[PDB]
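Next comes final.cif, with mmCIF, C-alpha atoms.
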```cif
data_final
#
loop_
_atom_site.label_atom_id
_atom_site.label_comp_id
_atom_site.auth_asym_id
_atom_site.auth_seq_id
_atom_site.Cartn_x
_atom_site.Cartn_y
_atom_site.Cartn_z
CA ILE G 3 89.51 52.96 109.63
CA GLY G 4 91.03 54.65 112.68
CA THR G 5 90.56 57.55 115.05
CA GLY G 6 92.40 60.61 116.30
CA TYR G 7 93.36 61.99 112.88
CA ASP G 8 92.21 65.47 113.99
CA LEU G 9 94.71 65.79 116.86
CA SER G 10 97.75 66.77 114.77
CA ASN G 11 98.26 69.35 112.03
CA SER G 12 99.26 68.26 108.51
CA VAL G 13 97.92 64.74 109.19
CA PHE G 14 95.75 63.27 106.44
CA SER G 15 92.50 61.59 107.43
CA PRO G 16 91.51 58.45 105.47
CA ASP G 17 89.19 60.57 103.31
CA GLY G 18 92.03 62.97 102.42
CA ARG G 19 91.30 66.01 104.58
CA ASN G 20 93.19 68.11 107.13
CA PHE G 21 90.84 68.46 110.09
CA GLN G 22 92.97 71.08 111.86
CA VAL G 23 92.51 73.34 108.83
CA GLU G 24 88.74 72.90 109.05
CA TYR G 25 88.87 73.63 112.78
CA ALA G 26 90.69 76.87 111.97
CA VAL G 27 87.93 77.56 109.43
CA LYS G 28 85.42 76.98 112.23
CA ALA G 29 87.35 79.54 114.28
CA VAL G 30 87.12 82.07 111.44
CA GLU G 31 83.37 81.43 111.06
CA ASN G 32 82.95 82.51 114.69
CA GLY G 33 84.61 85.85 113.91
CA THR G 34 82.89 89.05 112.90
CA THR G 35 81.80 89.95 109.38
CA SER G 36 84.18 91.53 106.87
CA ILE G 37 83.61 92.16 103.16
CA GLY G 38 85.50 93.32 100.09
CA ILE G 39 84.04 94.68 96.84
CA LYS G 40 85.96 95.18 93.59
CA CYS G 41 84.79 98.20 91.61
CA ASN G 42 85.95 99.34 88.16
CA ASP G 43 89.22 101.11 89.09
CA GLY G 44 89.81 99.92 92.65
CA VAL G 45 88.62 97.97 95.67
CA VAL G 46 86.69 98.72 98.86
CA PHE G 47 86.99 96.94 102.22
CA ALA G 48 84.48 97.06 105.07
CA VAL G 49 84.37 95.45 108.51
CA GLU G 50 82.03 95.23 111.49
CA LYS G 51 83.62 95.92 114.89
CA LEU G 52 81.54 94.46 117.72
CA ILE G 53 80.96 96.96 120.52
CA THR G 54 81.52 94.58 123.44
CA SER G 55 81.05 97.46 125.89
CA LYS G 56 80.41 101.18 125.58
CA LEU G 57 83.70 101.71 127.43
CA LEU G 58 85.42 100.98 124.10
CA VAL G 59 86.74 104.14 122.45
CA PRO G 60 84.90 104.52 119.12
CA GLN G 61 86.86 104.97 115.88
CA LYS G 62 89.80 103.17 117.56
CA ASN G 63 90.84 99.50 117.60
CA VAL G 64 91.08 99.59 113.81
CA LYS G 65 90.75 96.29 111.93
CA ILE G 66 91.81 97.13 108.36
CA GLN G 67 95.57 97.25 107.84
CA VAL G 68 97.62 98.84 105.06
CA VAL G 69 100.40 96.95 103.25
CA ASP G 70 102.94 98.97 101.23
CA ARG G 71 101.03 102.09 100.06
CA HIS G 72 98.51 100.36 97.79
CA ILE G 73 97.34 97.14 99.51
CA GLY G 74 94.46 96.87 101.98
CA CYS G 75 93.86 93.83 104.18
CA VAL G 76 91.03 92.79 106.51
CA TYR G 77 90.52 89.46 108.21
CA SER G 78 87.90 87.52 110.16
CA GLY G 79 88.87 85.19 113.00
CA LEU G 80 91.82 85.45 115.39
CA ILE G 81 92.92 89.09 114.94
CA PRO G 82 96.50 88.42 116.17
CA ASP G 83 96.99 85.83 113.42
CA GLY G 84 95.82 88.46 110.94
CA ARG G 85 98.38 90.91 112.30
CA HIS G 86 101.09 88.25 111.99
CA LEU G 87 100.01 87.63 108.39
CA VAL G 88 100.02 91.32 107.45
CA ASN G 89 103.47 91.71 109.05
CA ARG G 90 104.79 88.85 106.92
CA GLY G 91 103.13 90.40 103.88
CA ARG G 92 104.76 93.75 104.60
CA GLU G 93 108.13 91.99 104.82
CA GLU G 94 107.49 90.26 101.48
CA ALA G 95 106.47 93.53 99.82
CA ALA G 96 109.52 95.31 101.23
CA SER G 97 111.82 92.61 99.84
CA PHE G 98 110.07 92.75 96.46
CA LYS G 99 110.38 96.54 96.25
CA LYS G 100 114.01 96.43 97.39
CA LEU G 101 115.00 93.99 94.65
CA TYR G 102 112.69 95.18 91.84
CA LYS G 103 111.85 98.85 92.68
CA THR G 104 108.27 98.43 91.51
CA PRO G 105 105.56 98.08 94.18
CA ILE G 106 104.61 94.42 94.53
CA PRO G 107 101.82 93.28 92.17
CA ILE G 108 98.58 92.12 93.77
CA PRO G 109 98.80 88.57 92.31
CA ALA G 110 102.40 88.32 93.55
CA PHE G 111 101.42 89.49 97.04
CA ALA G 112 98.48 87.07 97.06
CA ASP G 113 100.75 84.18 96.07
CA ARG G 114 103.24 85.15 98.79
CA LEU G 115 100.54 85.15 101.47
CA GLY G 116 99.16 81.89 100.09
CA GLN G 117 102.54 80.15 100.17
CA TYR G 118 103.07 81.35 103.75
CA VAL G 119 99.66 80.11 104.91
CA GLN G 120 100.18 76.83 103.03
CA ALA G 121 103.59 76.24 104.62
CA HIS G 122 101.76 76.77 107.91
CA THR G 123 99.84 73.52 107.03
CA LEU G 124 102.85 71.31 106.22
CA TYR G 125 104.17 70.58 109.73
CA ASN G 126 102.60 69.30 112.94
CA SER G 127 104.85 71.77 114.81
CA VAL G 128 102.83 74.82 113.69
CA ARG G 129 99.13 75.69 114.01
CA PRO G 130 97.18 76.73 110.90
CA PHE G 131 96.14 80.37 110.64
CA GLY G 132 92.90 81.17 112.44
CA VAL G 133 91.84 83.91 110.02
CA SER G 134 90.26 84.28 106.60
CA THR G 135 91.74 87.31 104.84
CA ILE G 136 90.13 89.58 102.25
CA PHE G 137 92.74 91.88 100.73
CA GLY G 138 93.81 93.56 97.52
CA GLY G 139 94.45 96.82 95.74
CA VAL G 140 95.35 98.49 92.46
CA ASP G 141 98.45 97.85 90.34
CA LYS G 142 99.55 98.47 86.75
CA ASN G 143 97.13 95.78 85.54
CA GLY G 144 94.18 97.34 87.38
CA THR S 1 131.51 102.21 100.66
CA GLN S 2 135.31 102.25 100.85
CA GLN S 3 135.99 104.66 97.97
CA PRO S 4 133.48 107.19 96.61
CA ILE S 5 133.00 107.34 92.85
CA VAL S 6 130.13 109.46 91.53
CA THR S 7 129.88 112.43 93.87
CA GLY S 8 127.79 115.48 94.68
CA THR S 9 129.61 118.65 95.66
CA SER S 10 127.85 120.82 98.24
CA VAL S 11 124.60 121.46 100.08
CA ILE S 12 123.91 124.83 101.70
CA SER S 13 121.19 125.76 104.16
CA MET S 14 120.17 128.55 106.52
CA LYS S 15 117.45 129.34 109.03
CA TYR S 16 115.14 132.35 108.91
CA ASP S 17 112.35 133.80 111.03
CA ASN S 18 109.65 131.46 109.70
CA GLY S 19 111.61 128.37 108.69
CA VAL S 20 114.58 127.04 106.73
CA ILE S 21 116.01 127.17 103.20
CA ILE S 22 118.26 124.52 101.62
CA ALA S 23 119.86 124.23 98.19
CA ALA S 24 121.96 121.80 96.17
CA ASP S 25 123.06 121.56 92.56
CA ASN S 26 122.04 118.89 90.04
CA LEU S 27 125.50 117.51 89.19
CA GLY S 28 126.90 113.98 89.33
CA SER S 29 130.68 114.09 88.99
CA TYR S 30 132.70 111.04 87.92
CA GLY S 31 135.77 112.19 89.80
CA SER S 32 137.13 114.96 87.58
CA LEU S 33 134.44 114.38 84.92
CA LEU S 34 131.02 116.03 85.21
CA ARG S 35 129.24 113.06 83.71
CA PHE S 36 125.61 113.27 84.88
CA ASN S 37 123.71 116.53 84.42
CA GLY S 38 120.35 116.65 86.19
CA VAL S 39 120.53 114.62 89.42
CA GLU S 40 118.31 115.74 92.29
CA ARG S 41 120.33 115.84 95.52
CA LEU S 42 117.51 117.28 97.68
CA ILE S 43 115.08 114.63 98.94
CA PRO S 44 111.75 115.84 100.42
CA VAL S 45 110.32 113.79 103.29
CA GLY S 46 106.67 114.38 104.12
CA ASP S 47 105.69 118.01 103.74
CA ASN S 48 107.98 119.32 106.50
CA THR S 49 111.45 117.84 105.92
CA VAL S 50 114.17 118.12 103.28
CA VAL S 51 117.39 116.08 103.32
CA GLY S 52 120.31 117.44 101.33
CA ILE S 53 122.86 114.75 100.53
CA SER S 54 126.34 115.39 99.13
CA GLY S 55 128.89 112.72 98.27
CA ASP S 56 128.51 109.25 96.81
CA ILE S 57 125.47 109.10 94.54
CA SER S 58 124.94 105.36 95.02
CA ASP S 59 124.82 105.83 98.79
CA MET S 60 122.52 108.80 98.16
CA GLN S 61 120.14 106.51 96.26
CA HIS S 62 120.38 104.03 99.13
CA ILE S 63 119.42 106.80 101.56
CA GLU S 64 116.54 107.76 99.25
CA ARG S 65 115.28 104.17 99.37
CA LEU S 66 115.66 104.14 103.17
CA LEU S 67 113.72 107.40 103.53
CA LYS S 68 110.93 106.14 101.27
CA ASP S 69 110.73 102.89 103.25
CA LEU S 70 110.64 104.87 106.51
CA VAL S 71 107.75 106.94 105.15
CA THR S 72 105.98 103.72 104.13
CA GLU S 73 106.51 102.02 107.50
CA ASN S 74 105.31 105.12 109.35
CA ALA S 75 101.92 104.80 107.62
CA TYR S 76 101.65 101.21 108.89
CA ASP S 77 99.08 100.80 111.67
CA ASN S 78 98.97 104.58 112.17
CA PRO S 79 95.72 106.58 111.79
CA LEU S 80 97.54 109.85 112.59
CA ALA S 81 100.12 109.62 109.80
CA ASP S 82 98.57 112.79 108.34
CA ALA S 83 99.11 114.84 111.52
CA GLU S 84 100.13 114.48 115.18
CA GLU S 85 102.04 111.31 114.24
CA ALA S 86 103.59 112.33 110.92
CA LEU S 87 107.34 112.06 110.38
CA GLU S 88 109.08 114.96 112.12
CA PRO S 89 112.47 116.28 110.95
CA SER S 90 114.02 115.37 114.31
CA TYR S 91 112.95 111.72 113.96
CA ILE S 92 114.40 111.52 110.44
CA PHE S 93 117.68 113.12 111.50
CA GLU S 94 118.02 110.82 114.51
CA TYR S 95 117.42 107.76 112.32
CA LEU S 96 119.92 108.97 109.71
CA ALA S 97 122.60 109.81 112.28
CA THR S 98 122.20 106.43 113.98
CA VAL S 99 122.57 104.71 110.60
CA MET S 100 125.67 106.77 109.78
CA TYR S 101 127.34 106.06 113.13
CA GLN S 102 126.55 102.34 112.89
CA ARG S 103 127.98 102.06 109.37
CA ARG S 104 131.04 103.97 110.59
CA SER S 105 131.56 101.57 113.50
CA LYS S 106 131.28 98.60 111.10
CA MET S 107 134.08 100.06 108.93
CA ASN S 108 131.82 100.44 105.89
CA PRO S 109 130.29 103.93 105.92
CA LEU S 110 127.93 105.78 103.60
CA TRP S 111 130.20 108.33 101.93
CA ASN S 112 127.80 111.25 102.40
CA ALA S 113 127.21 114.52 104.21
CA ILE S 114 123.55 115.02 105.12
CA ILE S 115 121.76 118.23 106.12
CA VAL S 116 118.25 117.81 107.54
CA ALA S 117 116.15 120.99 107.36
CA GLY S 118 112.53 121.47 108.32
CA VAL S 119 109.95 122.91 110.69
CA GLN S 120 108.74 121.01 113.74
CA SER S 121 105.08 120.62 114.68
CA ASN S 122 105.30 123.57 117.10
CA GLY S 123 106.84 125.78 114.41
CA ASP S 124 110.46 125.49 115.55
CA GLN S 125 113.09 125.46 112.81
CA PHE S 126 115.18 122.28 112.79
CA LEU S 127 118.53 122.39 110.97
CA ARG S 128 121.12 119.70 111.65
CA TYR S 129 124.11 117.97 110.06
CA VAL S 130 125.56 114.45 109.95
CA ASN S 131 128.43 112.84 108.04
CA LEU S 132 130.04 109.46 107.38
CA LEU S 133 131.74 109.75 110.79
CA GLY S 134 128.46 110.41 112.62
CA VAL S 135 129.38 113.92 113.76
CA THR S 136 126.22 115.92 114.51
CA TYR S 137 126.02 119.68 115.02
CA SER S 138 123.50 122.49 114.58
CA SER S 139 124.03 126.07 113.44
CA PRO S 140 121.81 128.74 111.84
CA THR S 141 123.97 128.19 108.72
CA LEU S 142 125.06 124.73 107.59
CA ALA S 143 127.02 123.77 104.48
CA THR S 144 129.05 120.83 103.20
CA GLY S 145 132.19 120.62 101.10
CA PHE S 146 133.29 123.85 99.45
CA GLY S 147 130.14 125.52 100.78
CA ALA S 148 131.44 124.99 104.31
CA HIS S 149 134.46 127.15 103.37
CA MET S 150 132.91 129.78 101.07
CA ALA S 151 129.11 129.65 101.28
CA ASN S 152 129.12 129.52 105.09
CA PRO S 153 130.95 132.86 105.69
CA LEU S 154 128.48 134.66 103.42
CA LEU S 155 125.36 133.18 105.04
CA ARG S 156 126.80 133.82 108.51
CA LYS S 157 127.07 137.50 107.56
CA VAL S 158 123.28 137.34 107.25
CA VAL S 159 122.74 135.33 110.45
CA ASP S 160 125.76 135.44 112.77
CA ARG S 161 123.94 134.42 115.97
CA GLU S 162 120.58 133.03 117.03
CA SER S 163 119.30 136.55 117.80
CA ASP S 164 119.52 137.38 114.08
CA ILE S 165 117.16 134.55 113.06
CA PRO S 166 113.87 136.42 113.77
CA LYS S 167 115.18 139.45 111.86
CA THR S 168 116.06 137.57 108.66
CA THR S 169 113.23 137.27 106.14
CA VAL S 170 112.58 134.64 103.49
CA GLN S 171 113.58 137.04 100.70
CA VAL S 172 116.89 137.95 102.36
CA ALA S 173 117.70 134.30 103.07
CA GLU S 174 116.81 133.19 99.54
CA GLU S 175 118.93 135.98 98.03
CA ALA S 176 121.84 134.96 100.27
CA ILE S 177 121.44 131.32 99.22
CA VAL S 178 121.40 132.25 95.53
CA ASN S 179 124.47 134.46 95.97
CA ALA S 180 126.30 131.64 97.76
CA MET S 181 125.35 129.26 94.94
CA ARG S 182 126.74 131.74 92.41
CA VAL S 183 129.98 132.07 94.41
CA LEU S 184 130.25 128.27 94.53
CA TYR S 185 129.72 127.99 90.77
CA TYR S 186 132.49 130.59 90.47
CA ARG S 187 135.07 128.92 92.70
CA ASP S 188 134.13 125.20 92.74
CA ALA S 189 135.42 123.08 89.86
CA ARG S 190 133.00 120.21 90.62
CA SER S 191 129.90 122.44 90.62
CA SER S 192 127.06 123.10 88.18
CA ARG S 193 125.01 126.09 87.09
CA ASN S 194 121.69 124.28 87.64
CA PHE S 195 120.49 123.77 91.21
CA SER S 196 117.35 123.05 93.21
CA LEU S 197 116.12 124.91 96.28
CA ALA S 198 113.69 123.92 99.04
CA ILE S 199 111.97 126.31 101.46
CA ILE S 200 110.29 124.81 104.53
CA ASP S 201 108.12 127.61 105.94
CA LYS S 202 105.92 127.20 109.02
CA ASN S 203 103.07 128.88 107.09
CA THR S 204 103.39 128.26 103.34
CA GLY S 205 104.72 124.71 103.76
CA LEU S 206 107.16 123.11 101.31
CA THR S 207 108.24 125.10 98.25
CA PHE S 208 110.46 123.11 95.86
CA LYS S 209 112.02 125.11 93.00
CA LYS S 210 113.81 122.99 90.39
CA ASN S 211 115.89 123.88 87.32
CA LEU S 212 117.15 127.13 88.85
CA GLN S 213 120.22 128.70 87.25
CA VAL S 214 123.05 131.06 88.15
CA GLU S 215 122.59 134.48 86.54
CA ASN S 216 124.20 137.93 86.69
CA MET S 217 127.74 136.65 86.16
CA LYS S 218 130.59 139.17 86.20
CA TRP S 219 133.03 138.06 83.50
CA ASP S 220 133.77 141.26 81.54
CA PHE S 221 136.95 142.02 83.53
CA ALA S 222 138.47 138.91 81.91
CA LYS S 223 139.04 140.76 78.63
CA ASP S 224 141.56 143.17 80.21
CA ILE S 225 143.71 140.44 81.83
CA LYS S 226 146.64 139.71 79.50
CA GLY S 227 149.64 137.51 80.24
CA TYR S 228 151.13 135.88 83.33
CA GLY S 229 152.37 139.27 84.55
CA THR S 230 155.18 140.55 82.35
CA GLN S 231 153.29 140.23 79.06
CA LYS S 232 151.75 143.52 77.91
CA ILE S 233 149.52 142.24 75.10
#
```
File written out as structure tokens:
Amino acid sequence: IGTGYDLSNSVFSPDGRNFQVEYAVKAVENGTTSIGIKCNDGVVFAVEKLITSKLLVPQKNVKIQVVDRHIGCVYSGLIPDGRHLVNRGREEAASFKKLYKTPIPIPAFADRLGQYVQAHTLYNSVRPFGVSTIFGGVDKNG
Amino acid sequence: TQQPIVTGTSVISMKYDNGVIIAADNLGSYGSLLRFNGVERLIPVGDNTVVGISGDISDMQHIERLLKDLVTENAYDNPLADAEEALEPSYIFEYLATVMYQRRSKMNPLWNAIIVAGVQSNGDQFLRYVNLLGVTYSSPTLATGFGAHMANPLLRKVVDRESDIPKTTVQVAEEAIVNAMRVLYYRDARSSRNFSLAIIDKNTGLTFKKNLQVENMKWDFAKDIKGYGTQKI
């Protein structure tokens, strides 16, 4: 019973959902296609870059971004939010390497990004991320 | 750092027609004690830069971490990190000198002397110096510590002015560097026999020779020296 539960972030609808998160998911569904494939001893990322016009310089406007020297990240949705997320991930990896010397593990980096994105769904003062991110790489565990 | 503890002694370097040579021993001195044998004081950056660091070893490790992080952050969002946008020696030296001057002005400096040696993209030899005070100067021959007093005059006999740089070859420069290292091992108490040497050549690239040693040591004349003067036998 009620209405307007989708007008504010981190507000629970009577069913128990966060409609702003699902609207962000709708925004990511509108984005271009991007895939990741885990092989035996590594990972591969691929992305489709829509040629809006032939005035675009080919092989430029890159979409895949490198974190540390062993993490790859691609995202579908609002590209600037993906750049924000990879910047935060680079900061997290830099802090981890500074304190522990070893390059950040992939599960650790994933949990860092997840906690950041989750904290972006705890307050009505911030908008949820408008990207879905496929990332990963190789560490000591494979 | 307010007081240096574990220290490195000297770093020597000289230009030559096709690039630069740099050298530094592998000694970590605990004041008057030569505690750590085998400590690399030459840090290679990319394939075209070498940073020789003398002084506090902890601050040297900090500078190593900073250089590695700079290399990492240069690869970020850069498709030309391999070439045309790779880290140049001038960029690295400017960053290092800015850091040194800032830490000086905050009254907490990095107790180090740094010599940046490399070849630019257009083939020009880059050789520059910075210290805990932020003083920056360039010369065809650059040395720190005891090398600035003893190794410098020898190397300057090879290259006394910029006109002599095209004449000097890699063999002559390497021989001069090895002779200066031998002289330093002779007359420096805080020096070691083992040293490493980097050659940045605009054609062959980066040559990094480790575990080098001082050889051909004249010590025979010591057997004929008897007494503090008056003593005959």
Quick one: contact table of chain S to chain G, 9 Å max, nearest atom pair and distance in Å to one decimal per residue, counting all atoms listed in the file, chain and number order, as a Markdown table?
```
| residue | atom | partner | partner_atom | distance |
| --- | --- | --- | --- | --- |
| S:65 | CA | G:100 | CA | 8.1 |
| S:69 | CA | G:96 | CA | 7.9 |
| S:72 | CA | G:70 | CA | 6.3 |
| S:73 | CA | G:70 | CA | 7.8 |
| S:75 | CA | G:68 | CA | 7.8 |
| S:76 | CA | G:68 | CA | 6.0 |
| S:77 | CA | G:67 | CA | 6.3 |
| S:79 | CA | G:64 | CA | 8.6 |
```
Handout entry: Close residues, residue G:25 itself excluded, 10 Å, only C-alpha atoms, min 4 positions apart in chain, as a ChimeraX atom specification
Key = /G:8,20-21,29-31,130,132
Handout entry: Hits from the PyMOL selection byres ((chain S and resi 148) around 12), listed as an MDAnalysis selection string
Key = chainID S and resid 9:13 113 115 129 139 141:147 149:156 180:181 184 188
Give me the residues near residue S:96 as a PDB file with C-alpha atoms, keeping the file's coordinate frame, where near means some atom within 12 Å (using only C-alpha atoms) and where sequence neighbours in that chain fewer than 4 positions away do not count.
```pdb
ATOM      1  CA  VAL S  51     117.390 116.080 103.320  1.00  0.00           C
ATOM      2  CA  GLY S  52     120.310 117.440 101.330  1.00  0.00           C
ATOM      3  CA  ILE S  53     122.860 114.750 100.530  1.00  0.00           C
ATOM      4  CA  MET S  60     122.520 108.800  98.160  1.00  0.00           C
ATOM      5  CA  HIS S  62     120.380 104.030  99.130  1.00  0.00           C
ATOM      6  CA  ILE S  63     119.420 106.800 101.560  1.00  0.00           C
ATOM      7  CA  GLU S  64     116.540 107.760  99.250  1.00  0.00           C
ATOM      8  CA  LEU S  66     115.660 104.140 103.170  1.00  0.00           C
ATOM      9  CA  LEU S  67     113.720 107.400 103.530  1.00  0.00           C
ATOM     10  CA  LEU S  70     110.640 104.870 106.510  1.00  0.00           C
ATOM     11  CA  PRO S  89     112.470 116.280 110.950  1.00  0.00           C
ATOM     12  CA  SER S  90     114.020 115.370 114.310  1.00  0.00           C
ATOM     13  CA  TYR S  91     112.950 111.720 113.960  1.00  0.00           C
ATOM     14  CA  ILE S  92     114.400 111.520 110.440  1.00  0.00           C
ATOM     15  CA  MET S 100     125.670 106.770 109.780  1.00  0.00           C
ATOM     16  CA  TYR S 101     127.340 106.060 113.130  1.00  0.00           C
ATOM     17  CA  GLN S 102     126.550 102.340 112.890  1.00  0.00           C
ATOM     18  CA  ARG S 103     127.980 102.060 109.370  1.00  0.00           C
ATOM     19  CA  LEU S 110     127.930 105.780 103.600  1.00  0.00           C
ATOM     20  CA  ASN S 112     127.800 111.250 102.400  1.00  0.00           C
ATOM     21  CA  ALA S 113     127.210 114.520 104.210  1.00  0.00           C
ATOM     22  CA  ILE S 114     123.550 115.020 105.120  1.00  0.00           C
ATOM     23  CA  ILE S 115     121.760 118.230 106.120  1.00  0.00           C
ATOM     24  CA  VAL S 116     118.250 117.810 107.540  1.00  0.00           C
ATOM     25  CA  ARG S 128     121.120 119.700 111.650  1.00  0.00           C
ATOM     26  CA  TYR S 129     124.110 117.970 110.060  1.00  0.00           C
ATOM     27  CA  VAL S 130     125.560 114.450 109.950  1.00  0.00           C
ATOM     28  CA  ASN S 131     128.430 112.840 108.040  1.00  0.00           C
ATOM     29  CA  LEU S 132     130.040 109.460 107.380  1.00  0.00           C
ATOM     30  CA  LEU S 133     131.740 109.750 110.790  1.00  0.00           C
ATOM     31  CA  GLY S 134     128.460 110.410 112.620  1.00  0.00           C
ATOM     32  CA  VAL S 135     129.380 113.920 113.760  1.00  0.00           C
ATOM     33  CA  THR S 136     126.220 115.920 114.510  1.00  0.00           C
TER      34      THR S 136
END
```
Problem - Straight-line distance linking atom CA of residue S:160 with atom CA of residue S:45, stated in Å to one decimal - result: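 Going from atom CA of residue S:160 over to atom CA of residue S:45 covers 28.2 Å.
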Answer key for the PyMOL selection byres ((chain G and resi 7) around 12), residues as a compact mmCIF listing (two decimals) with C-alpha atoms, in the frame of the given file:
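Wrote result_36.txt, looks like this:
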```txt
# COMPACT_ATOMS: atom_id res chain seq x y z
CA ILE G 3 89.51 52.96 109.63
CA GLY G 4 91.03 54.65 112.68
CA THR G 5 90.56 57.55 115.05
CA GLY G 6 92.40 60.61 116.30
CA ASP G 8 92.21 65.47 113.99
CA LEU G 9 94.71 65.79 116.86
CA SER G 10 97.75 66.77 114.77
CA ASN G 11 98.26 69.35 112.03
CA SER G 12 99.26 68.26 108.51
CA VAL G 13 97.92 64.74 109.19
CA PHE G 14 95.75 63.27 106.44
CA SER G 15 92.50 61.59 107.43
CA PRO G 16 91.51 58.45 105.47
CA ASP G 17 89.19 60.57 103.31
CA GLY G 18 92.03 62.97 102.42
CA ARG G 19 91.30 66.01 104.58
CA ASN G 20 93.19 68.11 107.13
CA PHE G 21 90.84 68.46 110.09
CA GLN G 22 92.97 71.08 111.86
CA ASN G 126 102.60 69.30 112.94
```
Exercise for the section: Calculate how many Å separate atom CA of residue S:28 from atom CA of residue S:190, rounding to one decimal. Expected result: 8.8 Å
Problem - Between atom CA of residue S:7 and atom CA of residue S:98, distance in Å (one decimal) - result: 22.3 Å
